[PDB]
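*Asks:* structure, please.
(8 chains)
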8 protein chains.
Amino acid sequence: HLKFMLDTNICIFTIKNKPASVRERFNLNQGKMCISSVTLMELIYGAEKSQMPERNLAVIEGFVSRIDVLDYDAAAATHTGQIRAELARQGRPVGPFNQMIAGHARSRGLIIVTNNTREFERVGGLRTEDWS
Amino acid sequence: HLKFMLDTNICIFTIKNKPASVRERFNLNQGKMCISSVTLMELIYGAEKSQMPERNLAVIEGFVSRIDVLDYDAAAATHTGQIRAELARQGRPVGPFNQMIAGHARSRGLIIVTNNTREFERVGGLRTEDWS
Amino acid sequence: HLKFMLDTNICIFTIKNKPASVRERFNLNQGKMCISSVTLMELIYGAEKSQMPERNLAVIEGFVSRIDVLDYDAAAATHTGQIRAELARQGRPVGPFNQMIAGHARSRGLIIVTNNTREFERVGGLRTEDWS
Amino acid sequence: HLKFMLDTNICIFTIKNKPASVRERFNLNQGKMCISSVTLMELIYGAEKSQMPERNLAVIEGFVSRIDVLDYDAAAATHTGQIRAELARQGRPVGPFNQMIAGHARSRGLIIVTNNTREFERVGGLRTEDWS
Amino acid sequence: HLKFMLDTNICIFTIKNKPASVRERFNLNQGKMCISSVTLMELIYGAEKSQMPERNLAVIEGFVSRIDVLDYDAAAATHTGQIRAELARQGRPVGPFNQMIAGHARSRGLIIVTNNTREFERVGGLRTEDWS
Amino acid sequence: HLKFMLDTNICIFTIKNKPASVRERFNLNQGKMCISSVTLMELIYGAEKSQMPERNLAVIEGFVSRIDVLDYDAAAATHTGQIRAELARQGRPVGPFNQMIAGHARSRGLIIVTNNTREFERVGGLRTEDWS
Amino acid sequence: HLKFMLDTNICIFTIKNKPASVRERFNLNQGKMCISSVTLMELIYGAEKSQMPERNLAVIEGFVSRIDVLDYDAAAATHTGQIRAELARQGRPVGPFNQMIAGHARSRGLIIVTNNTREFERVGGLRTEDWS
Amino acid sequence: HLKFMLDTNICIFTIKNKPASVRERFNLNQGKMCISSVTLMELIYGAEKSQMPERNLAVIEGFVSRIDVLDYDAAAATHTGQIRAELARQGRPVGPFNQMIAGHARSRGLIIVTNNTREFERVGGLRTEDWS
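*Replies:* Numbers count the residues shown, from 1 in each chain, chains lettered A, B, ... in the order given. The structure is reproduced below:
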């Protein structure tokens, strides 16, 4: 089954093969990884704002075709809502899209793979890894 | 068939019967309305951070039972990505979750029902109504 | 996935490689384009009424081979019906087949690609591009 | 299975039970009838343009719930295209949406039920009935 | 289900719309017609030997896409074998591919549609029609 | 998997154990051989026209039981059509049923096993063996 | 359906419009071409090793969208194995990936399109064309 | 369920029960092993070049019947392409077929089982084992 949910920069590092450690671990974990549709949103944004949008979209779409994209559903939303309230009580900052990504992963029991572990470690009941 | 996607404040107004015109129009359009899972997320956050979480969580279950909750999917994400880039080019500010709700509705050709018309009208190719 | 719905003249320009700019953008967007079955209908009519139906029909099969043809479904019909009433209220003229593909495109969140932007910009909640 | 494709006016007569002969034959043919999505478009248009749109939409949507709606597909488009060229050669005028419905029916071997048989009889290879 | 199996000349007549009576009845019998793959072979042969092979192939492949093609299977083989022996006893000549087409149709209880009734009427236990 | 497609005479040689070399190589290749349904047709004809049809039909059922019978499908038909045109250009004679199994074999990458290599060698892109 | 399997250089030529004769014939045969995944591999290698990988990867995604990619399967492997042994006996050199696409094509009865007819003509039971 | 992709020599070692350790470990890992169709190709080549091909083909096919054969697909091709470019950049030599089954295994997150670990360890992001 699925074990990891990859955040946006981990995806970009993989595509770029830099830092090389990310693609290395990515490939060792083939068949076990996914991204949130929220992360897809961020990836598309990155392509759309770039100098060569059509080119970069094609590269992203190819990458995305080989990994699973999970829809952000009611369970994901529910966990995100809980997490934002837990974080607010504790006074811990997490960015809005990261909050959603954290909730999505937690709702499915997935490990978040991220180079922003400082932020994601603030979340309760969630495992994180950094492959960079 | 779905015609309207309700923004968070419109849902809250419906729940509170204030402004009462919102629930009135809500009732008139029963069976034609939905919310993004992004809006559900915002509703759960609001309940979870409130003085009476269980009471407000129960109220949300009642509201949600009367409408469809749509998963934020790849199409929603893609439109959101496009929109964020379009807005940034124009120097137009829209909040992160509203961007996602805007992208979700546009991907399905739905009318956004919102009292935050100034923000959502900045998005291209999107119809809005305000029931409040 | 799909981003653009091409109207008949844009299809014809692509086939003829004139204006060459159309085929250029067509090639750049390979894999992201479709036509409504309504537009297919118009293309088939064009071939059938031509001096050389078998030749022109064959050219259409080849062209259609490179894109998706979307069935005009209940969602497309529903949006079209709504658009026709909106347009009638405002006194804005749009041709019957154009109304239908406007509704088709809007129901799927697709951009209409057309050299008839004056007509299609009259439709609410719809984006267009002109590649010619 | 399906034998009849109903025109817009036949649907309306059925709903209104006037002329009573239409609903009579309609019910005698339960399970054998459908409409084109093109006809759905016209029904929605009628409701959307009316004095009480939400009301009339509900009435139409309820009626449609009890009959099959066929998507206007590539075969329908092909027959429509052929028919428009045949009609044009003969100089026989048929309305744009009627052309598509004629094509849709012919592509499926269905009998067109219409009170506008004067128009539909101009089409080749198509059976028609009038229940009014 | 299937009622008719169309022989090669009938298919060509339909495509050419000449004699017009063939396409007329073809259109009236939509959904009820098929061809044997043996007939497909003859059509492909016709295109392949023509001056414009690619064009005529597109034309045939286009025609064939809207009708069912049946594989010549063991039951078709069996009836063909019986028929060839029955014919030889009677001194009644039928061409090699017509023998197979006859056997295929008979094995499925289908009516052969052909303008070559002289050959096909020699076969026992088989219905034929000529639409030309 | 399947490697060989046997023509009619080879099947008969196998059944009759004469020339004995054929059944010998047949037994060595058990599980790797098939016949076209076209060849099945020829075998049934031979039995049906013989002095003792029931006996010979029973012998065929036993033989056919040891091998796969392949349906003559659209790919087989298509290859046969190309082949028939190519042979006609070169002025090379191949019998009608031989053309079909040659086409059938080529569409599947099968080796035709035949003692009629003179005819089958005329076909392009086709390998043959003679076990007799 | 499929008739041609394009070797790597033919694909590259089509992409570059050089020699222009390749794209010229390519366009004439739209809907009838495929590549082996073995060829996809070589294309991806070519892109990845180039000065501008992302640009060239995007171009490959576009090209691949216009044709079928066939998986190199057991039948393809079997033929390739046979061919490698046939070639070694005759002392005929064919490059390793060429052997595989030859086997892939022969297993499906496809015409190999290549500018390396010297190598591919060494293979038995395989038709080739050179469009360059 | 699958964990291991077996290289050609490991399959041969298993068949020969020499070295005995390979079959020992093979049996301990029943239900968890597969081969690439590329390896099937090599096994078939070995049988075909042998002095008793029919015999050795039967032994291999029997062996292959008890393990999964994976088709070499687009994902496999993609990984192989990345790998070939990386190896060339690093100046690490790996044989053509080895490159393909390395990419195939890597695309599926499988452990390559091989007695050629020196070559396969040059590939990035790939686990290897030697059971010999």
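*Asks:* residue A:69 belongs to a strand?
*Replies:* Yes. Judged by DSSP: H, G, I helix; E, B strand; the rest coil, residue A:69 forms part of a strand.
*Asks:* please, where are all the strands along chain A?
*Replies:* A:4-6, A:33-36, A:68-70, A:111-113, A:128-129 (DSSP state E).
*Asks:* and the fourth one, what does it pack against?
*Replies:* In terms of contacts (3 or more CB pairs under 8 Å, 6 or more residues apart in numbering or on different chains; DSSP states H and E), strand A:111-113 is packed against strand A:4-6, helix A:96-108, strand A:128-129. Backbone N, C-alpha and C define where each C-beta goes, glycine included.
*Asks:* ok, it: who's next to it in the sheet?
*Replies:* Taking DSSP bridges as the criterion, strand A:111-113 forms sheet pairs with strand A:4-6 (parallel), strand A:128-129 (parallel).
*Asks:* so which residues on chain A come close to chain H?
*Replies:* A:17, A:20, A:23-32, A:62, A:66 (CB under 8 Å from any CB of the partner chain).
*Asks:* spit out the contact partners of whatever residue of chain A ends up closest to chain F.
*Replies:* Using CB to the nearest CB, the single residue of chain A nearest to chain F is residue A:31, 28.2 Å away. Neighbouring residues of residue A:31 by CB atoms under 8 Å, 6 or more residues apart in numbering or on different chains: H:108, H:109.
*Asks:* what's the answer for residue A:28, then?
*Replies:* H:109, H:125, H:126, H:127.
*Asks:* where's it relative to residue F:91, distance?
*Replies:* 63 Å (CB to CB, to the nearest Å).
*Asks:* likewise residue A:57?
*Replies:* 55 Å.
*Asks:* who's more crowded, those two?
*Replies:* residue A:57 (24 against 7; other CB atoms under 10 Å in any protein chain shown).
*Asks:* can you tell me the closest non-neighbouring residue to the more buried one?
*Replies:* Distance criterion CB to CB, 6 or more residues apart in numbering or on different chains; nearest residue to residue A:57, sequence neighbours excluded, is residue A:47 at 4.6 Å.
*Asks:* the one you found and residue B:81 touch, don't they?
*Replies:* Yes. Applying CB atoms under 8 Å, one finds residue A:47 in contact with residue B:81, separated by 7.3 Å.
*Asks:* quick one: which of those two has more around it?
*Replies:* Ranked by neighbour count (other CB under 10 Å), residue A:47 and residue B:81 place residue B:81 first, with 24 against 21.
*Asks:* pretty sure the more buried one is touching residue A:37, no?
*Replies:* No. Residue B:81 lies out of contact with residue A:37 (CB under 8 Å); the separation is 10.5 Å.
*Asks:* circling back: which residues touch the residue nearest to residue A:57?
*Replies:* Contacts of residue A:47 (CB under 8 Å, 6+ apart): A:53, A:56, A:57, A:59, A:60, B:81.
*Asks:* residue A:73 too?
*Replies:* Residue A:73 touches A:107, B:37, B:71, B:72, counting by CB under 8 Å, 6+ apart.
*Asks:* before we move on, back to that, wait, which of the residues of chain A next to chain H is closest to chain C?
*Replies:* Once CB to the nearest CB is applied, the member of the residues of chain A next to chain H that ends up nearest chain C is residue A:62, at 10.4 Å.
*Asks:* grab the nearest non-local neighbour of the closest residue to chain C within chain A.
*Replies:* Residue of chain A nearest chain C, by CB to the nearest CB: residue A:54 (5.3 Å). Of all residues not flanking residue A:54 in the chain, residue C:28 sits nearest, at 5.3 Å (CB to CB, 6+ apart).
*Asks:* distance check, that neighbour against chain D.
*Replies:* 26 Å (CB to the nearest CB, to the nearest Å).
*Asks:* how about residue A:110?
*Replies:* 38 Å.
*Asks:* and for residue A:89?
*Replies:* 43 Å.
*Asks:* what residues does the closest residue to that residue other than its chain neighbours make contact with?
*Replies:* Using CB to CB, 6+ apart and skipping the chain neighbours, the partner closest in space to residue A:89 is residue B:49 (7.8 Å). For residue B:49, the contact set (CB under 8 Å, 6+ apart) comprises A:84, A:85, A:88, A:89.
*Asks:* in helices, which of these fall?
*Replies:* A:84, A:85, A:88, A:89 (DSSP state H).
*Asks:* what sits closest to the second one if chain neighbours are left out?
*Replies:* Closest residue to residue A:85 apart from its sequence neighbours, by CB to CB, 6+ apart: residue B:48 at 3.6 Å.
*Asks:* is the one you found in contact with residue A:84, as I believe?
*Replies:* Yes. Residue B:48 is within contact range of residue A:84, at 7.4 Å (criterion: CB under 8 Å).
*Asks:* name the nearest residue to residue A:61, sequence neighbours excluded.
*Replies:* residue G:61 (6.9 Å).
*Asks:* next, count neighbours for the one you found.
*Replies:* 19.
*Asks:* so which bits of chain A are right by chain C?
*Replies:* A:54, A:58.
*Asks:* in chain A, what residue comes closest to chain E?
*Replies:* For chain A, CB to the nearest CB, closest residue to chain E: residue A:65, 28.0 Å.
*Asks:* state the number of residues packed around that residue.
*Replies:* 12.
*Asks:* distance of it relative to residue C:83?
*Replies:* Counting by CB to CB - residue A:65 and residue C:83 are separated by 34 Å.
*Asks:* residue A:66 too?
*Replies:* Distance from residue A:66 to residue C:83, by CB to CB: 39 Å.
*Asks:* cool, and residue A:47?
*Replies:* From residue A:47 to residue C:83 the distance is 31 Å (CB to CB).
*Asks:* same question for residue A:60.
*Replies:* Residue A:60 is 33 Å from residue C:83, by CB to CB.
*Asks:* neighbour count winner among the two?
*Replies:* Just comparing residue A:60 and residue C:83: by other CB under 10 Å the higher neighbour count belongs to residue C:83, 27 against 21.
*Asks:* may I see the buried residues of stretch A:81-88?
*Replies:* A:81, A:82, A:83, A:84, A:85, A:86, A:87 (16 or more other CB atoms under 10 Å in any protein chain shown).
*Asks:* could you find the closest non-adjacent residue to the last one?
*Replies:* Residue nearest to residue A:87 in three dimensions, not counting chain neighbours: residue A:94, with 5.7 Å by CB to CB, 6+ apart.
*Asks:* give the contact list for the one you found.
*Replies:* Residue A:94 touches A:83, A:87, A:102, A:119, A:120, A:122, A:123, counting by CB under 8 Å, 6+ apart.
*Asks:* so how many other residues sit close to the last one?
*Replies:* Yep, that's residue A:123 we're talking about. 24.
*Asks:* my read is that it contacts residue A:102, right?
*Replies:* Yes. Judged on CB under 8 Å, residue A:123 makes contact with residue A:102 at a distance of 4.7 Å.
*Asks:* what sits in contact with each of those two?
*Replies:* With CB under 8 Å, 6+ apart, residue A:123 and residue A:102 have common neighbours A:83, A:94.
*Asks:* quick one on the thing from earlier: got the strands of chain A as CSV, with mean neighbour count columns?
*Replies:* Listed next are the strands of chain A as CSV, based on neighbours: other CB atoms under 10 Å in any protein chain shown:
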stretch, mean neighbour count
strand A:4-6, 25
strand A:33-36, 24
strand A:68-70, 17
strand A:111-113, 25
strand A:128-129, 18
